[PDB]
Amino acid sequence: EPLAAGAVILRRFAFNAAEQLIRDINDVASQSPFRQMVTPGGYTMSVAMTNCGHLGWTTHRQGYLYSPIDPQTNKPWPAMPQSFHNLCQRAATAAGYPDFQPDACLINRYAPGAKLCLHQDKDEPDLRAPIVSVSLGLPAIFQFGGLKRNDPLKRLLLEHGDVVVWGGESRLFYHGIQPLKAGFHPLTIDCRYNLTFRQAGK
């Protein structure tokens, strides 16, 4: 019944911290606005994204990249809010990763219908560090697979405040998000947000 080797779900872990997290998402986005990024192959992603911390994930003509600069504003990504950093540290510790030091937080916003096709997180050079993923707002179905794309999927509803952590043996597992169902949430109104914490540099 645990998610996977090295992976855990902490249901409602961030529920108490959620209102402050959402205030800080709005602050981050007031500086580096949400944008829907374009893949190298030229398709616009359905998820809108921004980043905070020292490195932000971005698409480019040439591929994917972690960059210290927001290519839309040409300014550094906003500093990682202390509320984000503290929640991440607490969740990582609860999940068995007490030494995790993230330097990058990708903020995803899902409107109805928005999805993330099954992929691997592998843009980070240090594979030893876990990924911490915080869900806020509307619920979504998270796919969590194996090392091969065709490995059987677990499908888990992620609700407001749920935190998922993966690392170690499951660090490179395929995962994704199924198209978001429309709904109402009193804190986010009509969307889902996700915070994904990584150590993207040295």
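Don't overthink the numbering: it's just position in the shown sequence, from 1.
Q: Name the higher of the two by mean Cα B-factor in the PDB entry, 46-54 versus 152-160.
A: Taking the mean C-alpha B-factor of 46-54 and of 152-160, the larger value falls to 152-160.
Q: Taking only the CA atoms, which stretch has the higher mean B-factor in the record, 142-150 or 171-179?
A: That would be 142-150.
Q: Out of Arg128, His85, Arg109, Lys115, which one has a C-alpha B factor higher than all the others in the entry?
A: That would be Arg128.
Q: For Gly96, does the deposited CA B-factor place it in the lowest, middle or highest third of the chain?
A: Within its chain, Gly96 is a highest-third residue by C-alpha B-factor, going by the deposited values.
Q: Would you mind checking where the Cα B-factor of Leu65 ranks among the modelled residues of its chain, as the lowest, middle or highest third?
A: Its C-alpha B-factor, which the entry lists for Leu65, ranks in the highest third among residues of this chain.
Q: Going by what the PDB entry lists, where does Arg23 fall on CA B-factor within its chain: lowest, middle or highest third?
A: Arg23: CA B-factor falls in the middle third of its chain.
Q: By the record's CA B-factor, is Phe15 among the lowest, middle or highest third of residues in the chain?
A: For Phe15, the deposited C-alpha B-factor lands in the middle third.
Q: Ranked by Cα temperature factor within the chain, is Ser32 in the lowest third, the middle third or the highest third?
A: Middle third - that is where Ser32 ends up once the chain's C-alpha B-factors are sorted.
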